[PDB]
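*Asks:* Once you've seen the sequence and the experimental structure below, I've got questions.
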2 protein chains.
Amino acid sequence: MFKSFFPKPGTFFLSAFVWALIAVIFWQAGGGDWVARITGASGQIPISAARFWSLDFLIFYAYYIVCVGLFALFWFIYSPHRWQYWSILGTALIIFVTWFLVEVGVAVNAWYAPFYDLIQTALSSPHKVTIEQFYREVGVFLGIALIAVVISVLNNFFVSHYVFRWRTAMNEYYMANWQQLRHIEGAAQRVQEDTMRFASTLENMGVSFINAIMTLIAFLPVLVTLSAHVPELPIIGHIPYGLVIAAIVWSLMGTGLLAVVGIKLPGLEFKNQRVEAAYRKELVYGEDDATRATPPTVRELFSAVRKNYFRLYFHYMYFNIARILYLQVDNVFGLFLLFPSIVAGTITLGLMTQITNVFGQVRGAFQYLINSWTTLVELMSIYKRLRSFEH
Amino acid sequence: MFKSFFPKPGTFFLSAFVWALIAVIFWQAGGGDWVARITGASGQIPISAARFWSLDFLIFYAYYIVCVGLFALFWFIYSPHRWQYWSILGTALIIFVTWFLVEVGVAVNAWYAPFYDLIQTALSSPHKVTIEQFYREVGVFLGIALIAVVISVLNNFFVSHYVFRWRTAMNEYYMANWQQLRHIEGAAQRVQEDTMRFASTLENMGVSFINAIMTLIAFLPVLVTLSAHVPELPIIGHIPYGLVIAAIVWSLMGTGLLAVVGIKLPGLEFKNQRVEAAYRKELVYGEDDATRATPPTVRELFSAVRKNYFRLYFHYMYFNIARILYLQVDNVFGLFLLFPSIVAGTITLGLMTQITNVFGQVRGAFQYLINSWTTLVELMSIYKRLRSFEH
Ligand SMILES: CCCCCCCC/C=C/CCCCCCCC(=O)O[C@H](COC(=O)CCCCCCCCCCCCCCC)COP(=O)(O)OC[C@@H](O)CO
Ligand SMILES: CCCCCCCC/C=C/CCCCCCCC(=O)O[C@H](COC(=O)CCCCCCCCCCCCCCC)COP(=O)(O)OC[C@@H](O)CO
């Protein structure tokens, strides 16, 4: 979103989007899924820690590396940059590792069904199963958990360094032009406080946002292949793709209509920060001179701070009305859609469980993003502050 | 935890704890649950929005008000304070509203079983149930959701004002003694940046922490009355209270052993903040004078900042190893405990579902607290900074 990284941001992102679309179209249905080496299609290793060593996953890794390599080799000659390696390859690696973690989560999800089957068989007929099978199954689960832990730790470490690299680039570029840039009010805050909060906020709210989109993309095909049993939606009528449209619309609206409703919030934190800077400057001048910490001026500055903060707190009531209601209704959205299908007698028990489980695991990814909306507000305010400062 | 609020913190908290214990003992089993007015015991209104109007809940509200009134009337004469009303009554009200929200959540939980029963009956025999019963049930759910929304909005608003009152008290008390307190390094940051972050962090991490303890206290009796079917724990032997000890130990260790493991983390953010202050001061001096923004000094300050931040990022690997592992194993802890009971053939199907559901809803409250551990680290660092500054 900046110019310190990202060699030419005007055309870099367009090229990234176009190339991503071309590659995805080629792989998914473009007939590019032909595997001449070894037939790993229509058959995969069962649930175990070796699931990530079969030739299918190796082929996917190779394809991803080839695509990223072509893109990077184009851009490294089209337009050189000092931070090119981080700005391109680190982003690619972060996206890849997030996808890998979603896959590991799906594997843990799949491991549950046979264990429940074994438990049910033990409860019904006990002379078939012993304790050894249980210990073996727990061993397999620990095998998956170890890989999850190992990848997650390094993911966090690399994300931290990448974000700090971004902060270094921003600070260097601002301080390069400090002479004609200090005349703006609150200049000292822009380059240090704002950059720190941007780094810390993006380290926390960036991974979560990519993870939700990845979860939706991962679970979409199951709803595509399962929406043949739901022909009607409650107050819509009859659409050809029942569950996919419902899920996409629900998630997109829950993320976007809240932003539209609370569009005025990020414009208040701005003013809040300004008044606080006007406060802090005085104290910094007062830490040496004894004549600059007089009571009345401190009184006036704190009075202004209070007056702005009260208005900010006031403008959260009509946002919380929407957010809390959306959270409350979301728990039964996946069961609301099935009223006409039950009375029509089309669906059966067990398929209801599949739909409900899928919708629940989809909701789990956006729950954390919605529950922490103050951080997004702070990030958006930081974006506006830096953008206004850049001109 | 301070002296600006809380008239005499040395003896106030001890009195609060003792009085809370006395009241709880009197009500729970002290025989104080006699209701001479109307017999609401051993019978309650079914699942509806009127559940919070029966004489049982009114009696509880009256008892709570009487206890808080006695305590406040004692302290308002024992030791006067300027902020007494906020410091006592606001805390009481916040705790009460959190309990109320947990109760509403329990009601929504209970509403599920009959709806599934109706759905199953519709699936088996369709000539009994029509669409009107479904619409009525959805109406009842909306009735509960409305109360949830209305209470939550005002809860957030009041918490915001109470926290800002705390910040006002702290700032007034520090600025009262500014002359002999400015000689400490980084004084300007203590009174403005640290107070702001303390307010914003406590507004977010305070409610979540109280909510988890309230959830545990609410669900404890069910495990007390249900642990008669589990006589053995996996590698423990035979204890008289199976599930209660397991739940309490699991939650307490997951919250506390992580803190013990990462005890060294809060001591690093301190230094981080110091170096950043040493940076910002220079820029604030440079916003007017043109001879104080020389490149080399900025270089040295940023070099120090980078050197400290790298060490901080390094010390998260061995903390994430524990945190991610704890999150990963927690998903199957409630099913691990039941291996000996299944092979012993004591428990039956359906009771397993109850145990698993209870443990899942207990885990849901601590999941949000564990997933956001950076905020707790920041809060603890703020506490240490202010405590060191106060002496
Ligand atoms: C202003 C607009 C800005 C837009 C910015 C964003 C632009 C767009 C983002 C793209 C990143 C994500 C790419 C992948 C998206 C799709 C996600 C995904 O999982 O796709 C897989 C296929 O992917 C594929 O073949 C696709 C391969 C794509 C390879 C990479 C190409 C783009 C490189 C970009 C470099 C960084 C650029 C700068 C970013 C900021 C599906 O596999 P599938 O389930 O069948 O299982 C196969 C096997 O493992 C057996 O299960
Ligand atoms: C250094 C140490 C510091 C320690 C600081 C903390 C000190 C301790 C905290 C206490 C707050 C919470 C009190 C309540 C704790 C127990 C929580 C609770 O829900 O207790 C209920 C009974 O409570 C009761 O009778 C108890 C009534 C207690 C009334 C209030 C007394 C204390 C007032 C304090 C004022 C603020 C002081 C300063 C705090 C910072 C159970 O009902 P029950 O499920 O049977 O359903 C009945 C009916 O509704 C039908 O279901």
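*Replies:* Structure's in. What do you need? Numbers count the residues shown, from 1 in each chain, chains lettered A, B, ... in the order given. Ligands and ions are numbered 1, 2, ... in the order given.
*Asks:* how near is the residue nearest the centre of chain A to residue B:316?
*Replies:* In chain A, the centroid-proximal residue (Cα atoms, centre = their mean) is residue A:209; its distance is 1.5 Å. Distance of residue A:209 to residue B:316, computed by Cβ to Cβ, to the nearest Å: 21 Å. Every C-beta, even on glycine, is put in place using the N, C-alpha and C of the backbone.
*Asks:* what does residue A:121 give?
*Replies:* Distance, residue A:121 to residue B:316, by Cβ to Cβ: 44 Å.
*Asks:* Those residues of the stretch 251-391 of chain A touching ligand 2, which are they?
*Replies:* Residues of the stretch 251-391 of chain A lying close to ligand 2 by Cβ under 6 Å from any ligand atom: none are found.
*Asks:* Pop out the phi and psi values for the residue sitting furthest away from the middle of chain A.
*Replies:* Distance from the C-alpha centroid of chain A peaks at residue A:291, with 50.2 Å (Cα atoms, centre = their mean). Per-residue torsions, residue A:291: phi -100, psi 10 (degrees, to the nearest 10).
*Asks:* Same question for residue A:36.
*Replies:* Residue A:36 adopts backbone torsions of phi -70, psi -20, taken as degrees, to the nearest 10.
*Asks:* dump the residue contacts of it.
*Replies:* By Cβ atoms under 8 Å, 6 or more residues apart in numbering or on different chains, no residues touch residue A:36.
*Asks:* Same check on residue A:244?
*Replies:* By Cβ under 8 Å, 6+ apart, the residues touching residue A:244 are A:220, A:223, A:224, A:227.
*Asks:* contacts for stretch A:23-32?
*Replies:* In contact with stretch A:23-32 (Cβ under 8 Å, 6+ apart) are residues A:33, A:63, A:67.
*Asks:* I meant stretch A:201-217, not that one.
*Replies:* For stretch A:201-217, contacts defined as Cβ under 8 Å, 6+ apart pick out A:94-95, A:98-99, A:101-102, A:155, A:159-160, A:163, A:166, A:247-248, A:251, A:361-362, A:365-366, A:368-369, A:372, A:375-376, A:378-379, A:382, B:372, B:374.
*Asks:* Now narrow these to whatever sits close to ligand 1.
*Replies:* Applying Cβ under 6 Å from any ligand atom to those, those adjacent to ligand 1 are A:95, A:99.
*Asks:* so of the contacts of stretch A:201-217, which ones are in helices?
*Replies:* Secondary structure from DSSP state H places A:94-95, A:98-99, A:101-102, A:155, A:159-160, A:163, A:166, A:247-248, A:251, A:361-362, A:365-366, A:368-369, A:375-376, A:378-379, A:382, B:374 of the contacts of stretch A:201-217 in helices.
*Asks:* buried subset of the residues you listed?
*Replies:* By neighbour count, with 16 or more other Cβ atoms under 10 Å in any protein chain shown, the ones in helices among the contacts of stretch A:201-217 hold A:94, A:98-99, A:101-102, A:155, A:159-160, A:163, A:166, A:247, A:251, A:362, A:365-366, A:368-369, A:375-376, A:378-379, A:382 as buried.
*Asks:* shouldn't residue A:286 be in contact with residue A:293?
*Replies:* Yes. Counting by Cβ atoms under 8 Å, residue A:286 does reach residue A:293; the two are 3.8 Å apart.
*Asks:* which residues do these two both contact?
*Replies:* Common neighbours of residue A:286 and residue A:293, using Cβ under 8 Å, 6+ apart, are B:178, B:182.
*Asks:* Please put the alpha-carbon coordinates of the helix or strand containing residue A:15 into PDB.
*Replies:* Using DSSP states H and E, the element containing residue A:15 is helix A:9-28. Provided in PDB are the C-alpha atoms of helix A:9-28 (Å, rounded to 0.1, in the frame of the first residue of the first chain):
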ATOM      1  CA  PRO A   9       2.600   0.200  -6.500                       C
ATOM      2  CA  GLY A  10       0.400   1.500  -9.300                       C
ATOM      3  CA  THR A  11       1.100  -1.500 -11.600                       C
ATOM      4  CA  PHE A  12       2.500  -4.000  -9.200                       C
ATOM      5  CA  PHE A  13      -0.800  -4.900  -7.600                       C
ATOM      6  CA  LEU A  14      -2.600  -5.100 -10.900                       C
ATOM      7  CA  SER A  15       0.000  -7.500 -12.200                       C
ATOM      8  CA  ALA A  16      -0.200  -9.600  -9.000                       C
ATOM      9  CA  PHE A  17      -4.000  -9.900  -9.300                       C
ATOM     10  CA  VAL A  18      -4.000 -10.800 -13.000                       C
ATOM     11  CA  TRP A  19      -1.200 -13.400 -12.600                       C
ATOM     12  CA  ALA A  20      -3.000 -14.900  -9.600                       C
ATOM     13  CA  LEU A  21      -6.200 -15.200 -11.600                       C
ATOM     14  CA  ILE A  22      -4.400 -16.800 -14.600                       C
ATOM     15  CA  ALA A  23      -2.700 -19.400 -12.400                       C
ATOM     16  CA  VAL A  24      -5.800 -20.300 -10.400                       C
ATOM     17  CA  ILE A  25      -7.800 -20.700 -13.600                       C
ATOM     18  CA  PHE A  26      -5.100 -22.800 -15.100                       C
ATOM     19  CA  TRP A  27      -4.900 -25.100 -12.100                       C
ATOM     20  CA  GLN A  28      -8.500 -25.500 -10.900                       C
END
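*Asks:* so does the helix or strand just after that helix get close to ligand 1?
*Replies:* Sequence-wise, the next helix or strand downstream of helix A:9-28 (DSSP H and E) is helix A:55-78. Yes. Residues of helix A:55-78 contacting ligand 1 under Cβ under 6 Å from any ligand atom: A:56, A:57, A:60, A:63, A:64, A:67, A:68, A:71.
*Asks:* which residues touch the second one?
*Replies:* Which is residue A:57. Here residue A:57 is in contact with residue A:51 (criterion: Cβ under 8 Å, 6+ apart).
*Asks:* ok, how many other residues are close to residue A:272?
*Replies:* 16 (other Cβ atoms under 10 Å in any protein chain shown).
*Asks:* Surely it touches residue A:309?
*Replies:* Yes. Using Cβ under 8 Å, residue A:272 is in contact with residue A:309, at 6.5 Å.
*Asks:* how about the residues of the stretch 201-350 of chain A near ligand 1?
*Replies:* So the stretch 201-350 of chain A meets ligand 1 at residue A:217 (Cβ under 6 Å from any ligand atom).
*Asks:* Show me the helices in the stretch 201-350 of chain A, by range?
*Replies:* Taking DSSP state H, counting those that start in this stretch, the helices of the stretch 201-350 of chain A run over residues A:242-261, A:266-286, A:295-314, A:317-330, A:333-336, A:339-344.
*Asks:* a markdown table please, covering those helices and showing distance to residue A:391.
*Replies:* Conversion of those to a markdown table gives the following (distance: least, Cβ to Cβ, whole Å):
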| stretch | distance to residue A:391 |
| --- | --- |
| helix A:242-261 | 24 |
| helix A:266-286 | 15 |
| helix A:295-314 | 24 |
| helix A:317-330 | 29 |
| helix A:333-336 | 43 |
| helix A:339-344 | 54 |
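*Asks:* Which of these sits closest to residue A:39?
*Replies:* Of all those, it is helix A:242-261 that lies closest to residue A:39, at 29.3 Å by Cβ to Cβ.
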